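A quick write-up on the structure given underneath.
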Amino acid sequence: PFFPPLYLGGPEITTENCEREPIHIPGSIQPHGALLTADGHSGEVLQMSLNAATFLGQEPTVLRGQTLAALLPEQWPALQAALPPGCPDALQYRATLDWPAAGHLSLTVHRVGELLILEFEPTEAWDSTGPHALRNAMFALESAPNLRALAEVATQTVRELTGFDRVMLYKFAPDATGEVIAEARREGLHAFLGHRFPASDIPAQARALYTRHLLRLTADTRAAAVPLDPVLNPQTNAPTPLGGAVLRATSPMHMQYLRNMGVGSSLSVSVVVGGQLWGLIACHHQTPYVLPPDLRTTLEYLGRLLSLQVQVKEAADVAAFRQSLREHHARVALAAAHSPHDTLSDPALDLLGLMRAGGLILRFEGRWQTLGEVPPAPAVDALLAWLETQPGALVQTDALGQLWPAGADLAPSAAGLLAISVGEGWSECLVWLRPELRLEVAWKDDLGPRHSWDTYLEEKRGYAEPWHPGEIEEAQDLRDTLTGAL
Amino acid sequence: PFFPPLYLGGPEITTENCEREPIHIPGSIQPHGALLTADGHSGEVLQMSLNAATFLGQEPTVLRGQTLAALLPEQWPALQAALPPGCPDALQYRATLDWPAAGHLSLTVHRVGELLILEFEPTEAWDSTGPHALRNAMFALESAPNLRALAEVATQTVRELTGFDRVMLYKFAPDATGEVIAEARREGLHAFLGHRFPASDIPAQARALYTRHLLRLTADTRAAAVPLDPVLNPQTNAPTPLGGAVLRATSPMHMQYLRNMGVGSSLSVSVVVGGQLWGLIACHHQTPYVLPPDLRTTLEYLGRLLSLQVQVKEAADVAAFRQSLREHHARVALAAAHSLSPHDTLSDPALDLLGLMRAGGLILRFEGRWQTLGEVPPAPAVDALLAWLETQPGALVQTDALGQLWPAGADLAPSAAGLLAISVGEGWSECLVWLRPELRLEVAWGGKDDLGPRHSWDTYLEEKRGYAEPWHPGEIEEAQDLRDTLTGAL
Ligand SMILES: */C=C/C1=C(C)C(=O)N/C1=C\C1=NC(=C\c2[nH]c(/C=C3/NC(=O)C(C=C)=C3C)c(C)c2CCC(=O)O)/C(CCC(=O)O)=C1C
Ligand SMILES: */C=C/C1=C(C)C(=O)N/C1=C\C1=NC(=C\c2[nH]c(/C=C3/NC(=O)C(C=C)=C3C)c(C)c2CCC(=O)O)/C(CCC(=O)O)=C1C
Numbered sequence: 007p008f009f010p011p012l013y014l015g016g017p018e019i020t021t022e023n024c025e026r027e028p029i030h031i032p033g034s035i036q037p038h039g040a041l042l043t044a045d046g047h048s049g050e051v052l053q054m055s056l057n058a059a060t061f062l063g064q065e066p067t068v069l070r071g072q073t074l075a076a077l078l079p080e081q082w083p084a085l086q087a088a089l090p091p092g093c094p095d096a097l098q099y100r101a102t103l104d105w106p107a108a109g110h111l112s113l114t115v116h117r118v119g120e121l122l123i124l125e126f127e128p129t130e131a132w133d134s135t136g137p138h139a140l141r142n143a144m145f146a147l148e149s150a151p152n153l154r155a156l157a158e159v160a161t162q163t164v165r166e167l168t169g170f171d172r173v174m175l176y177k178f179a180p181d182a183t184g185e186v187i188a189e190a191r192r193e194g195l196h197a198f199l200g201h202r203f204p205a206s207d208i209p210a211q212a213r214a215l216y217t218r219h220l221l222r223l224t225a226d227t228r229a230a231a232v233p234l235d236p237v238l239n240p241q242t243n244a245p246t247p248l249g250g251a252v253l254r255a256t257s258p259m260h261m262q263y264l265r266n267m268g269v270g271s272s273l274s275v276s277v278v279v280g281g282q283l284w285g286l287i288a289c290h291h292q293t294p295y296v297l298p299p300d301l302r303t304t305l306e307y308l309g310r311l312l313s314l315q316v317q318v319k320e321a322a323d324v325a326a327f328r329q330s331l332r333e334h335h336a337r338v339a340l341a342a343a344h345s348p349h350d351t352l353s354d355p356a357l358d359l360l361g362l363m364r365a366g367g368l369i370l371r372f373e374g375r376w377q378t379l380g381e382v383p384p385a386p387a388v389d390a391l392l393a394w395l396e397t398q399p400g401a402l403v404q405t406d407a408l409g410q411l412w413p414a415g416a417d418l419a420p421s422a423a424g425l426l427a428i429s430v431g432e433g434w435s436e437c438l439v440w441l442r443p444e445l446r447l448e449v450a451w460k461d462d463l464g465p466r467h468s469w470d471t472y473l474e475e476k477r478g479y480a481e482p483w484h485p486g487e488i489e490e491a492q493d494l495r496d497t498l499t500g501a502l
Numbered sequence: 007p008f009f010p011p012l013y014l015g016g017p018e019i020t021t022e023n024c025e026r027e028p029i030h031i032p033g034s035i036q037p038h039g040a041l042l043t044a045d046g047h048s049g050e051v052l053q054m055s056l057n058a059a060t061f062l063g064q065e066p067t068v069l070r071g072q073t074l075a076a077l078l079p080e081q082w083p084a085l086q087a088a089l090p091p092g093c094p095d096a097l098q099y100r101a102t103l104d105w106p107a108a109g110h111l112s113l114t115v116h117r118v119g120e121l122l123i124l125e126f127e128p129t130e131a132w133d134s135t136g137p138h139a140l141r142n143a144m145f146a147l148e149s150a151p152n153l154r155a156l157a158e159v160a161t162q163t164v165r166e167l168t169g170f171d172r173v174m175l176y177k178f179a180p181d182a183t184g185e186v187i188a189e190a191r192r193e194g195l196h197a198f199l200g201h202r203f204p205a206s207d208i209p210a211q212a213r214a215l216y217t218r219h220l221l222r223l224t225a226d227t228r229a230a231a232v233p234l235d236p237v238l239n240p241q242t243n244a245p246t247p248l249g250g251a252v253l254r255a256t257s258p259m260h261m262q263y264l265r266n267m268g269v270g271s272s273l274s275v276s277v278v279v280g281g282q283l284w285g286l287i288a289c290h291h292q293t294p295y296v297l298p299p300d301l302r303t304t305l306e307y308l309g310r311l312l313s314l315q316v317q318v319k320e321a322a323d324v325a326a327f328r329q330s331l332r333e334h335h336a337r338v339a340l341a342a343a344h345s346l347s348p349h350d351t352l353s354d355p356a357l358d359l360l361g362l363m364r365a366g367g368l369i370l371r372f373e374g375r376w377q378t379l380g381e382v383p384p385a386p387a388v389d390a391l392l393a394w395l396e397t398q399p400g401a402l403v404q405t406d407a408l409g410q411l412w413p414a415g416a417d418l419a420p421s422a423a424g425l426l427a428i429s430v431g432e433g434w435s436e437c438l439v440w441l442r443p444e445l446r447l448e449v450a451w452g453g460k461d462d463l464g465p466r467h468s469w470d471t472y473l474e475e476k477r478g479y480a481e482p483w484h485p486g487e488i489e490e491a492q493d494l495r496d497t498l499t500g501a502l
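First to last, the protein sequences are chains B and A.
All the letters of the first sequence, read from the start, carry residue numbers 7 to 345, 348 to 451, 460 to 502 under the authors' numbering.
All the letters of the second sequence, read from the start, carry residue numbers 7 to 453, 460 to 502 under the authors' numbering.
Encoded structure:
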């Protein structure tokens, strides 16, 4: 459940109840633009930001209670044509206005229910920066060999077009955590490459909102938001949804985070693959930065292109990895034809590198042998005894401490486990073991990157590197072969 | 196998041997530009088109045997940097040049093996009426309800940006055929919406070539190609691969087709999903069109974006369809709980077992007797069909044309061309058979034996004779789920 917003008797957002914060209805916008809401049918301006009078150059009393057809006679029909009733709030229609007071303005309108939300930012007359920018970024992404090079080129490209001090790319691991897989920074800044952060750092509502709206920015981390007048929607006397508004006021908690990082401005472009938030492009600047809408649009384009390239490169990496496992598997099967303990213990066969494991346990003919980093012999006997109790032919776990409590002490030597049964039961089996996940800092007790890394390692205590799904499939495929080779 | 090109003793390209045409090595370019090839390491200009001398403004003898550093000292280092050796040939590097002879030119270079292929076209700025038109179009495509709305918005958008008289989108059916699912045309032109063409109209080489390079242009369908001098690659004395070349001469067969349509210029944007050519965006104009480089960037972007979005919207259409079949399945299962007479229960028009599988006929075999619902072939043919089902193994049988799988049933094609049978009990004593009529369609325009669109539609209908509408995967899955449901009803 969500807490009520602060302007409706809502509880104060703290570090303990930050998950239930209604970040989609702050009732306020960022001061670098102006926001208006009008009826979807009539066009009567209802809500207004307190700074819209200064931005538009028109008195606040005159603007309210005035139809959009009188204010914007050239775009109102095309606005209703672009945003039909029932359209998703993600659908945005942008047009350029020319006013004598504020110059050229960028209008961004989206429809939420029965309410049209218009956003106003200062724009350029003609933007020739973008036509070739899209060409160069697209060509740069198309010339990447693999995922790592793709991410490096992506971050460097974003930094080149924008000028941000730091541009990073997070990948979301299956456990909802994040990891900086590539980074392009200015000379003289600590590196976040390889740093990982817990899932609690990005709340659920923030992730779903990032999936529905790919771009979201925080212009000034120390600027106060500009409320809406009125704060509630006169049509329903209910909070106004600002998830689709790019001018949405950033949550005070996240602004406190960025201030604890020395970041003045932040911008995030989502990377969605298959309808899932695969990763995120982050931008950090030490000074308050407001990206112009025309160039920011180029960043959005880059968001879509990177989603496609990540899809392709991941499919190719899993294809080549699966094939490499099949060639290694053929290398083992040929040795299984002319064969058990002495055969599989051959270092030339390398059963450790097959599953990328640190330890190996081979149970055959009433005896067990080990290879690599493996817990002491009595601990091995206890582990095999527990393996016989487990049903099925395949056992897999990222952290053996959770599935086997008495095996929590042997976690640093064997945290991840992947066991298969050659014969029915567990009389003859093959067990792969992986050590505890150990990492080092990429470079205050309060919330921040330091705290985040510390709590990330504390939350993954006892865990190991997760088993790749192709290694699991290949494990069962190997079990079926060795069953018939004896 | 491929036939040798015309400049190596190759046979004349006719309508009978058009499949084996080496369209990737025509040895010539289109006359609206100039093409050069140079060594990937040194930069020595090797091959040249005979019109490049007039186009570039320098004598042909002087250009050959001259390094690219001497011709273009400003772009050569960035050119070699942008196209490193080993890069894919699909990778294109585009830049604008200013020459005193021909004026401003658009350069498009790609690397094939040890050969750098440079392309020169006359250029111009491009002013789209909507500065925000591309962005608004992007959100319009992403906020599309289904695949057909997505295609409609896509075609209309392409026509708006380009100005072509006709803009269409083909979807490639599993049987490698094509179908125009959306169209944006100028007022006063016959519609191709719903028109289908056979797989033979686009050869395999053309399909793969469309997969590797998203954009393909035919400026003038009545212009003669300009050969290369020399025609072979001096490095290997082998034909020069022009699949990456945008100036590659279009096959004479396809130009003859477009002329039979009255189309002067053609432009194609490929739609690649999962490494497979899912569909294609075609543009037809009565006048030759040369796209500005900025517009090329916009179309390529729409190619990739549509490649991404079509996958999403199609997956969503299959999700909603499967959900509709799940509700339809539950409504029948509730009637299977309270059973009185199985034959009378499934024959209920309120349950609508015909609309469940989108079938025209239904055969219900239980307790040694069989009943029918809807358009069903005569009774003795039904007895023969059920006996053939007893010969057939498995619990589920599916076919688009039963005449191929069962020869003696070819005569029953008009009443039941497609077949989907499930066995309630083990064996075929009790079974359920869905039947679909022969695929019948109508012309896209509604009013010549030579090569053209009409010919394509006619040969498409002759190749789909005896065939029916293919079974949607959700209908098959729901069929097996229904077998598992009805097994426990006994
Ligand atoms: C439970 C409350 C929150 C804690 C604690 C916290 O750290 N953030 C909390 C709420 C929100 N985070 C939002 C966006 C966001 N958060 C991160 C987290 C990081 N974790 C790290 O370890 C590091 C660096 C070492 C970071 C930066 C990121 C990357 C982002 C998105 C990027 C960006 O927009 O700048 C968030 C969303 C608000 C909004 O934009 O509307 C909330 C709320
Ligand atoms: C076996 C030779 C060919 C016959 C016969 C033929 O009709 N085309 C043949 C070869 C090529 N076709 C190429 C592209 C292409 N072909 C079609 C087919 C159509 N089917 C139709 O119903 C219609 C019109 C109503 C057409 C035009 C299409 C749609 C296309 C794609 C481009 C376009 O729409 O014009 C082709 C490749 C040419 C190249 O690479 O430049 C060859 C070769």
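Note that CB positions come from ideal geometry on N, CA and C, so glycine has one too.
- Neighbours of B/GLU487 in chain A, taken as residues at a C-beta separation under 8 Å, are lacking, since the least C-beta distance is about 23 Å.
- From the listed residues B/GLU320, B/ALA326, B/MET259, the smallest Cα separation to B/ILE19 is found for B/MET259.
- Under the 10 Å beta carbon count, A/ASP358 is surrounded by fewer than 16 other beta carbons and is classified as exposed.
- Within chain A, the residues whose beta carbon sits less than 7 Å from that of B/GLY281 are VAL318, listed in sequence order.
- DSSP lists B/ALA244 as the beta-bridge partner residues of B/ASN239.
- The C-beta distance from B/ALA491 to B/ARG442 rounds to 13 Å, too long to meet the 8 Å contact threshold.
- Taking a cut-off of 8 Å for Cβ pairs, the segment 284-303 of chain B and the segment 40-57 of chain B do not touch, as fewer than three such pairs fall below it.
- If you draw a straight line from the Cα of A/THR129 to the Cα of A/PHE61, it comes to about 13 Å.
- Taken in chain order, the unbroken stretches of alpha helix (DSSP H) that lie wholly in the segment 238-312 of chain A and span 4 residues or more are 258-266.
- Here the C-alpha atom of B/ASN239 lies approximately 11 Å from the C-alpha atom of B/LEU122.
- An exposed status is given to A/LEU502, since fewer than 16 other beta-carbon atoms sit within 10 Å of its beta-carbon.
- With the rule of 3 Cβ pairs closer than 8 Å, the segment 353-369 of chain A counts as touching the segment 428-447 of chain A.
- Checking the DSSP bridge columns, you'll see A/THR405 partnered with A/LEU425.
- Beta bridge pairing from DSSP links A/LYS177 with A/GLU185, A/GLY285.
- In summary, A/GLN410 is exposed, with fewer than 16 beta-carbon neighbours lying within 10 Å of its beta-carbon over all protein chains present.
- Contacts between A/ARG100 and chain B, judged by CB atoms closer than 8 Å, involve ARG141, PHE145 in chain order.
- Residues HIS30, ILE31, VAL118 of the same chain have their beta carbon placed closer than 7 Å to that of A/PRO247, with the five preceding and five following residues left out of the count.
- With respect to A/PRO482, A/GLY424 sits close: the two C-beta atoms are nearer than 9 Å.
- Within the segment 117-175 of chain A, the complete beta strand (DSSP E) runs of at least 3 residues fall at 121-128.
- For B/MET259, the shortest C-beta to heavy atom distance toward ligand 1 is below 8 Å.
- The beta carbon of B/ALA188 is closer than 6 Å to those of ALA157, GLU158, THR161, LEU175 in its chain, skipping five residues each way along the sequence.
- DSSP places A/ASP45 in the uninterrupted beta strand (DSSP E) bounded by 40-45.
- Unbroken beta strand (DSSP E) runs of no fewer than 3 residues, entirely contained in the segment 37-101 of chain A, are found at 40-45, 51-55, following chain order.
- At a Cβ-Cβ threshold of 9 Å, A/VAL403 and A/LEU395 count as neighbours.
- In this structure, DSSP gives B/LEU359 a helical state, which the three-state scheme calls helix.
- Taking a C-beta distance under 9 Å as the contact criterion, B/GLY281 and B/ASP226 do not qualify as a contact pair.
- Taking all protein chains shown into account, B/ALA419 has 16 or more neighbouring C-beta atoms within 10 Å of its C-beta and is therefore buried.
- Distance from the C-beta of B/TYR307 to the nearest heavy atom of ligand 1 is not below 8 Å.
- Residues of the same chain with a CB within less than 8 Å of the CB of B/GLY136, apart from the 5 flanking positions on each side, are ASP300, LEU301, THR303, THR304 in chain order.
- Taking 8 Å as the cut-off, the C-beta of B/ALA212 counts as close to a heavy atom of ligand 1.
- Taking the CA atoms as reference points, B/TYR295 sits about 26 Å from B/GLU27.
- For A/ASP95, there are no C-beta contacts with chain B under 9 Å, since the nearest C-beta of that chain is about 12 Å from it.
- Shortest Cα-Cα distance from B/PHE327 to any of B/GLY15, B/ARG165, B/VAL68, B/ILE488 involves B/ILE488.
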